[PDB]
Amino acid sequence: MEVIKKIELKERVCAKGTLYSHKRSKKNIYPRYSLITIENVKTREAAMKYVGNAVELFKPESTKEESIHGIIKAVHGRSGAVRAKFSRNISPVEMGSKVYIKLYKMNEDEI
Amino acid sequence: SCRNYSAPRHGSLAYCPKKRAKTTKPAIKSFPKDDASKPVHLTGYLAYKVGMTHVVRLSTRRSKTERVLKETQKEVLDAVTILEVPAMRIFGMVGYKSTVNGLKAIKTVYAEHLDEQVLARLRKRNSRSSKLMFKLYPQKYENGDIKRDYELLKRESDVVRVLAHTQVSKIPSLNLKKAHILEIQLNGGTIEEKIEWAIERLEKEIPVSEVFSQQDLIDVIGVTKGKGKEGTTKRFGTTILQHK
Amino acid sequence: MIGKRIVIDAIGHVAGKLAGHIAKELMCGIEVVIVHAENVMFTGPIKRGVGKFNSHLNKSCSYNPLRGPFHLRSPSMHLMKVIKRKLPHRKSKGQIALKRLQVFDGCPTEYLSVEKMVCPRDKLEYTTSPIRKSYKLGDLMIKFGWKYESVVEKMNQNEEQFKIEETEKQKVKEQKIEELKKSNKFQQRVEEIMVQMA
Amino acid sequence: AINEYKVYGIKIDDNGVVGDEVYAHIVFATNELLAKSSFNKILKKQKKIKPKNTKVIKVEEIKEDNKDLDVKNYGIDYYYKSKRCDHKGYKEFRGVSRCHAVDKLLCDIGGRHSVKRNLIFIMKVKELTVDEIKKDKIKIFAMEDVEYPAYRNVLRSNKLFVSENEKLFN
Amino acid sequence: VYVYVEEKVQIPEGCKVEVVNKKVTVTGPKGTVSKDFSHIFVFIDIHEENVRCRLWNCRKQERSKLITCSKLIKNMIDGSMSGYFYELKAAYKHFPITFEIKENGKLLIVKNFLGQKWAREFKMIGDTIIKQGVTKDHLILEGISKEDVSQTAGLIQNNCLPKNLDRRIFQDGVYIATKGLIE
Amino acid sequence: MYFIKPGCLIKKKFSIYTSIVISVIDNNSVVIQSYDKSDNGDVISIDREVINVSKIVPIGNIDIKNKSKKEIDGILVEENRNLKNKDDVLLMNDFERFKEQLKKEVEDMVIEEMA
RNA sequence: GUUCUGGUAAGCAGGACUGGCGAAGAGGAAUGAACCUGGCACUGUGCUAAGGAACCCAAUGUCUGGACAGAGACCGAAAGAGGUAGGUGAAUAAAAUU
Ligand SMILES: [K+]
Ligand SMILES: [K+]
Ligand SMILES: [K+]
Ligand SMILES: [K+]
Ligand SMILES: [K+]
Ligand SMILES: [K+]
Ligand SMILES: [K+]
Ligand SMILES: [Mg+2]
Ligand SMILES: [Mg+2]
């Protein structure tokens, strides 16, 4: 079963993170950008080393497309969180989900 | 503005909402505190209401401070109710365990031979049955399942209760072929003693003289007479309005 | 992350401070189990706590009490309602989040073996001064009709038995292995397996 | 943080250097602009020269050495404005610089009397030996007779959740 | 703010003391007593045949608690070398009060107070025992713990007074006469 | 329990190396001589500093009844000579790390068969 | 907002000066015609204001003093004692005290 293999392949090679919010103020949301936390990264200086890296959301139960790709654009706040952009806008139903950080840089056009 | 004169409320709010009882047969829901210092005994029973009559009794009750010399004796007329109480038969037992959510039942164990009157409660319509109810259970005696069951009850329980049914066939005026079943608690001694006392008595008949004696005080639980839908004047006792 | 579970021992933490940290995790998809809810600590004298709770029982719906507030009387359920109102519970996202939480008075038998976490920033001896009073939630709730105190004392005695047995069972294996591995009979086979992997 | 500056200035009219006097003023302030502000304030109250007739010729910072961070005793004479009137007083402090002494007074009065730093005025700062000390507070620390243990616990790690069996504090 | 506060109590020749945490336990001729100081912020230890309390950098109202702690420890030591006593005396202008000792000196009954026909019953707290004095109107209490002894005596005194009568005409009562250590 | 007095040895918050107290100012501040190391190329530095007591943890005592700055630098460089920033497994190259891993992993396979 | 006249006053009646709402959206004071920031065609990337930074809810921590009252963060007078932190001026002193 290909899904079980594709997971183990990704698990061995990537860092792990979770999606927790869109970019927002107290009143309005900006769904083009999403906010991520990475496992053991806990300062803004530590987080700067990931700016530019590729990210992937893998979803095996999906009928349309099994994974969405994206890129980390900027650091956010003072405790090591980041801001990222994806080829499609993330649904509110997909918040709380697991994200993979891929250890190589890509250009803003590739996504 | 405040009302002109004071008066009490009509009826008690301790009984609201006043809805209809679900079935006609009551469970004893609360039992007196156990005491390990006494012998094993039963705490309750079932009875049927017959009717009323009156009696005359002698009395000598007066104030302790009353200065009268003579040992005055006086007749008093009193009304009384008669209840019929045929012997109940024991047919099983249940053990319970204490938890953060109250008492929960662990297992139930039944006698090897059960009566037609008690099996009749398990089906809905009396005259239409294949009667294959408890026919496979007796194997559990041969297999030692019963002996494993008693072990589990004896090992892990806080409260023990017996199951008893009433012999409806002795009271023909009821027009009833299904026995009534009640769960009754055992107080006194330790869990082991309680279980042994029960085991000795499955299938046997306990007379009312085991449980109660003359002059005792007892609590009676029942469902009242029915009166249908009714207006406020009778349901809560409110006054009738002006004639015009 | 969805699919991660965590078990928290609630003893010695200040109630309102732990609740904030827990609520954030529930919104990130973690399943949380809290154990020992009867040992959470509130600051100040118990006298003040009693008055704050009396003012709460006075609140009710004027025309129908079966709509009005429900006043919960168990340490587990009380701490549950403290966490509930630090989440967006009028909306679907909060109702989903709440169903990921379980709270127990004492420690149940299915959670004796599992390893347990703690939150140093919220422990009383870090976050408060020594010169002022405090009380336990188990001490307040006996005054407002909790009825299962003794059931929890019996549980607490089973835990102590399991702790001494597991520690005794561990220390023997530690001794056994550490005394074993110094031997020649052990150190020989290191070579015998390495001959086939070098 | 607070610094020490010395400002120099002269009078001018429709023509230059109308008086041959030069005036000076030592001040504790956070920056040069707050220093220059004080110079204007004092000139207008002790003499009557308003800014349009003044020119500042120099501003200099004053700095100590103290490479070994040696600890010294200082006494300070001050006043502050309350709701009633102006209140004078004297207090003693310990530190590694005159500025270190002065920043501790400003913090103290804000704590004890609810006053913003701009309503406090320093009159004199003096360095003192052990025989000169007047009030009770610092004398035990000056005579070198103090030891005490730690009351505050300290965290071992930056992690929010840790295993029950780990060491938690210090 | 006080820089340093220390208080000390000396352990006599026969006595033995131990400190587990903030519980302090005392043993000696008359028996054993113990008390837990976990509700006070203080550091307690045993050093060179003394019991020592200490604090640093504390407020005025914290040092009062330290001192109070030190006086309670001394009472425990004294009470262990000899117990304490309290003496009670019945007073009456018309109706003689009478006393009964029951349960080996653990229960006291009082009868005929101001002519009342109902009896009163008082129970002894802890280690305390009740005994008859020099004439029929006197009682003596004896025990190890100054707290337990004095609390008991107080409860008797506080209940055995007139109510709803003018106390400067009706002067009857049971009064605490004498108190001290036993010889 | 240890005490904060001249010659106490302390660690600072979230730090591995020892430092030493030189003078006591008030009931909450001290002057310390502090050791630290640049992981960029083993470059050490020792300097004096004023610090509040809520950031430090005491661990022991030394004499230093009378000494100069250069002497105490000597005391400090001896004291923390043995210590390190990180476990070497994270510093070494990939093949060396794998070689170290194998030792542990094989040892378990022996123990699980031998027990 | 700053000021004035009549009235015990009033979300009361009536004038003067400089900006508003009327005819004004957006972000902030939980909510509010008029208060704070600041004037609007339509898109994209960066930065700041006012106001925030345990959790609801995007971003939070540190240092030094006070304070124990179901207090305060939101909140009433003349009159006062008690507890505690500091200033100044009088004494006395065989630790200090008033
Ligand atoms: K009316
Ligand atoms: K009931
Ligand atoms: K109009
Ligand atoms: K306009
Ligand atoms: K709004
Ligand atoms: K309005
Ligand atoms: K947040
Ligand atoms: Mg009718
Ligand atoms: Mg507007």
Point to revise | Relative contact order computed over chain E (Cα-Cα under 8 Å; 6+ residues apart), in percent | key: 21
**Study point:** Residues F:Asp73, B:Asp145, D:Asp131 arranged by fewest to most Cβ contacts within 10 Å
**Key:** D:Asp131, B:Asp145, F:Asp73
**Study point:** Base-10 log of normalised Debye intensity for chain D (one unit scatterer per alpha-carbon) at q = 0.10 Å⁻¹
**Key:** -0.59
Study note, to complete from the structure: Mean other chain Cβ within 10 Å across F:23-32 is 6
Check your understanding: Which order results if C:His56, D:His100, B:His54, C:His36 are arranged by neighbouring Cβ count within 10 Å, fewest first?
Key -> B:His54, C:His56, D:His100, C:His36
Review point. What residue among B:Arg121, B:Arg89, B:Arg148 has the largest mean-square fluctuation in a Gaussian network model of chain B, using Cα springs under 10 Å?
Key: B:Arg148
Review point. Separation of region B:44-117 and region B:203-218 by C-alpha centroid, Å?
Key: 8
Point to revise | C:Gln188/B:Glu112 FRET efficiency (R0 51 Å; Cβ-Cβ; nearest 0.05) | key: 0.20
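Distance check, please: which entries in A:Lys98/C:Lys24; B:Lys124/B:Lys227; D:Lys36/D:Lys126; C:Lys116/D:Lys159; E:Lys89/E:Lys136; A:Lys10/A:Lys59 exceed 18 angstrom between their Cα atoms?
Flagged as over cut-off: B:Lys124/B:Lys227; D:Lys36/D:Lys126.
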**Study point:** Anisotropy class of region D:57-130 from Cα gyration tensor, a/c 1.5 cut
**Key:** prolate
Exercise for review: Run the quick spin-label model on E:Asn75 and C:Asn58: label points 7 Å from Cα toward the beta carbon, then report their separation in nm to one decimal.
Suggested key: 3.9
Review point. So for B:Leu46, F:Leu90, fewest C-beta neighbours within 10 Å to most, what's the order?
Key: F:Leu90, B:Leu46
Review point. Going by a ≥ b ≥ c, the root eigenvalues of the Cα gyration tensor, does chain A fall in the rounded group (a/c under 1.5), the prolate group (a/b larger than b/c) or the oblate group?
Key: oblate
**Study point:** Percent RCO, i.e. relative contact order, over chain C, from Cα pairs under 8 Å lying at least 6 residues apart
**Key:** 29
Study note, to complete from the structure: Sorted by chain and number, the residues with a modelled amide H under 5 Å from that of D:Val162, at a separation of 5 or more or across chains, are C:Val118
Review point. What's the longest bit of chain F with no exposed chymotrypsin sites (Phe, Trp or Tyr not before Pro), using DSSP loop states and at most 15 other Cβ atoms within 10 Å as the test?
Key: F:15-115
Study note, to complete from the structure: the protein assembly as shown, Kirkwood Rh and Cα Rg, ratio Rg/Rh at 1.05
Practice item. Per DSSP H run of n ≥ 4, the term is -39500 (n - 2.57); total these for chain C, divide by its residue number, and report the mean residue ellipticity at 222 nm rounded to 500 deg cm²/dmol. Key: -14500 deg cm²/dmol
Review point. Taking a threshold of 32 Å on the Cα-Cα distance, which of the pairs C:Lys182/F:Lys86; B:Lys178/B:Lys229; E:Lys71/F:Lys11; D:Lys41/E:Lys60 fall above it?
Key: E:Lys71/F:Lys11; D:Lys41/E:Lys60
**Study point:** Greater than 27 Å apart at Cα, pairs in B:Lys177/B:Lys204; D:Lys72/D:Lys135; D:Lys47/D:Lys88; D:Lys6/D:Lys47; B:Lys97/C:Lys93; A:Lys64/C:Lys93
**Key:** B:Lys97/C:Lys93
Practice item. Take peptide F:47-56, look around each residue's Cβ out to 10 angstrom, count Cβ atoms belonging to other protein chains, and average those counts. Key: 3
Check your understanding: Considering only C:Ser92, C:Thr167, C:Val114, whose Cα is most displaced toward the positive end of the charge dipole of region C:53-198, charges sitting on Cβ of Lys, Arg (+1) and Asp, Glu (-1)?
Key -> C:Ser92
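Expressed in nm², what is the orientationally averaged projection area of the convex hull enclosing the Cα positions of region B:1-155? Intermediate values should be presented prior to the final figure.
Values: hull surface 92.0 nm².
Reported value for the Cα convex hull: 23.0 nm².
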Revision key, fill the gap. Under a Gaussian network model of chain C whose springs join Cα atoms within less than 10 Å, the largest fluctuation of C:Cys119, C:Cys107, C:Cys61 belongs to C:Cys61
Check your understanding: Taking each residue of D:152-163 in turn, how many C-beta atoms of other protein chains fall within 10 Å of its C-beta, and what is the average?
Key -> 6
Practice item. Using Cα pairs closer than 8 Å and at least 6 residues apart in sequence, work out the relative contact order for chain B, in percent. Key: 28
Practice item. For region D:1-96, just say rounded, prolate or oblate: build the C-alpha gyration tensor, square-root its eigenvalues into a ≥ b ≥ c, call rounded for a/c under 1.5, and beyond that prolate if a/b exceeds b/c, oblate if not. Key: oblate
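Quick note: the coordinates plus some simple rules give every number you see, no bench work behind them. Positions of Cβ are generated from backbone atoms using ideal geometry, with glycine treated the same way; all protein chains shown enter the neighbour counts.
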